[PDB]
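Chemist: So I pulled this structure from the PDB, and the sequence comes with it:
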Amino acid sequence: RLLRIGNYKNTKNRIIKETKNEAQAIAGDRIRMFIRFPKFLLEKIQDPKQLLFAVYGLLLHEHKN
RNA sequence: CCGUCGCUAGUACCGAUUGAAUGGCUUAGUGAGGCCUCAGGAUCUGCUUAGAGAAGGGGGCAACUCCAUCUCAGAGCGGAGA
């Protein structure tokens, strides 16, 4: 039940090419982002000028083992 | 003996093109600017010469006449000159 990618380097570079193809809003922009976020994790929403709160984007199937 | 088969990406290429950008020549045309020159004369100014007003002096002495000093405008001859 594992994700079997054949060659890491070439598929990695190709998916980076796909990501650069699919860059919907470029670096240097300001975004009102709506992220899917459950109710119970609102208890850790801190003062954003008081706690650092960074947002990092992911790629295709970096979630699969 | 590593020579075909089709795929996987990496390495040199053509130039037939388009889109700009740079430079070298070359044809023709346009051609800013200062300088010299033909002019032009906003303006100022110098002398004279008149006309008209004021102050003084000398004289028929009654107005009036003569001479010196300014002011306002003309006419010439000049110079400078945007």
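Modeler: That came through, no problem. Numbers count the residues shown, from 1 in each chain, chains lettered A, B, ... in the order given.
Chemist: Going by C-alpha atoms from here, please, whenever you check contacts or count neighbours.
Modeler: Will do.
Chemist: got the end-to-end distance for stretch A:24-43?
Modeler: Chord length of stretch A:24-43, first to last residue, is 31 Å (CA to CA, to the nearest Å).
Chemist: Likewise for stretch A:17-28?
Modeler: Across stretch A:17-28, first to last residue, CA to CA, it's 20 Å.
Chemist: Can you tell me the centre-most residue of chain A?
Modeler: residue A:57 (2.1 Å; CA atoms, centre = their mean).
Chemist: Kindly tell me how buried residue A:8 is, as a neighbour count.
Modeler: Close neighbours of residue A:8, defined as other CA atoms under 10 Å, add up to 10.
Chemist: Now do it against residue A:22, distance only.
Modeler: Taking CA to CA, one finds residue A:8 at 20 Å from residue A:22.
Chemist: about what we covered before: any idea how far the residue nearest to the centre of chain A is from residue A:33?
Modeler: Relative to residue A:33, and taking CA to CA, residue A:57 is found at 12 Å.
Chemist: repeat for residue A:43
Modeler: 20 Å.
Chemist: Could you do residue A:18 as well?
Modeler: 22 Å.
Chemist: so where does residue A:62 fall, helix or strand?
Modeler: Secondary structure assignment for residue A:62, by DSSP states H and E: no helix or strand.
Chemist: Using the three-state scheme, assign residue A:43.
Modeler: helix (DSSP: H, G, I helix; E, B strand; the rest coil).
Chemist: And for it, the neighbour number?
Modeler: 7.
Chemist: Check the gap between it and residue A:37 for me.
Modeler: 12 Å.
Chemist: Residue A:18 too?
Modeler: 27 Å.
Chemist: Mind checking which of the two has more residues around it?
Modeler: Using other CA under 10 Å, the more surrounded residue of residue A:18 and residue A:37 is residue A:18, with 13 against 8.
Chemist: and residue A:41, what is it in contact with?
Modeler: Residues in contact with residue A:41 (CA atoms under 8 Å, 6 or more residues apart in numbering): none are found.
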